[PDB]
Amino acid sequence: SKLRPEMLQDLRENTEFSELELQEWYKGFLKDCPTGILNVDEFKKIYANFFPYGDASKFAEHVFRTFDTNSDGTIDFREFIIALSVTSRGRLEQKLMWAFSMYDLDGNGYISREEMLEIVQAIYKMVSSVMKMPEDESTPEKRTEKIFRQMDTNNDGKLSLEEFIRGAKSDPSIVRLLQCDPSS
C-alpha cells in the first residue's frame, strides 16, 4: 500500500507532484476507492459535492471520458493522478490541449459546432442553480455563438487545436491570469 519505487518514479516523471504527495494521494485514493478503479457513477458522486447530482451528471460524464485515456469505462490511479496534475498544476498550453481533447467528441482532431454546443449545454446545466451568467454569453446558444465568431479562423465549420488555444486566451479569466506571468 505504497507505490512501488518503479511506479513512483514513472509518476514523478509524468506529473507535477512530489513523492510525498504521490504517496499521500495513493493512500487517499485507495482509502476512498478500495478497488483502485473509479467508475462513472462514483465520479458523478464526486461532482455532486459541488453541484446538484442530476445537474452535473452530463458534464461529469464528459470529463470522465477525458480522464479515461484508454476508454475502457474506468479511471485507474495513473489515469486519475495524471489527469489531475495536468488540470490543476499544468501549463496553460497543455490545460487547453486537454480541454480540446474533451470538446472534440469523435476525436477526429476538430471541434465541430454540435460538439461545442453539447459541452457548453452540460457546463451550463451543471452551474444553472448557483451562477447567474453575463447577458450576451448567457444561454448555451448565446455562448457558443460568441466562441465560433471569435475562434473560427477560416470558417470551415470546425475548430482545429490552434484556433482553439488562441481563442481561449481571450477568455476573461485567462486575461486575468496572464497579468500574473512572472515575466513581469
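We number the residues from 1 along the sequence you see.
Hey, which bit's got the bigger mean C-alpha B factor in the entry, 81 to 89 or 67 to 75?
On average, C-alpha B-factors are higher across 67 to 75.
For the stretches 48 to 56 and 112 to 120, which has the higher mean C-alpha B-factor as given in the deposited record?
Stretch with the greater average CA B-factor: 112 to 120.
Between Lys146, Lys27, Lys125, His62, which one tops the list for C-alpha B-factor in the PDB entry?
Highest C-alpha B-factor among the listed options: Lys146.
Select lowest, middle or highest to describe the third in which the CA B-factor of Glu137 falls within its chain in this entry.
Ranked within chain, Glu137 CA B lands in the highest tercile.
Consider only the C-alpha atoms of the modelled residues in this chain, order them by B-factor as the entry records it, and name the third containing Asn39: lowest, middle or highest.
Answer is lowest: the recorded C-alpha B-factor places it there.
By the recorded C-alpha temperature factor, relative to the other modelled residues in its chain, which third is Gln9 in?
Ranked within chain, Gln9 CA B lands in the middle tercile.
Sort the modelled residues of this chain by their C-alpha B factor and say whether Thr15 lands in the lowest, middle or highest third.
According to the entry, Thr15 has a C-alpha B-factor in the chain's lowest third.
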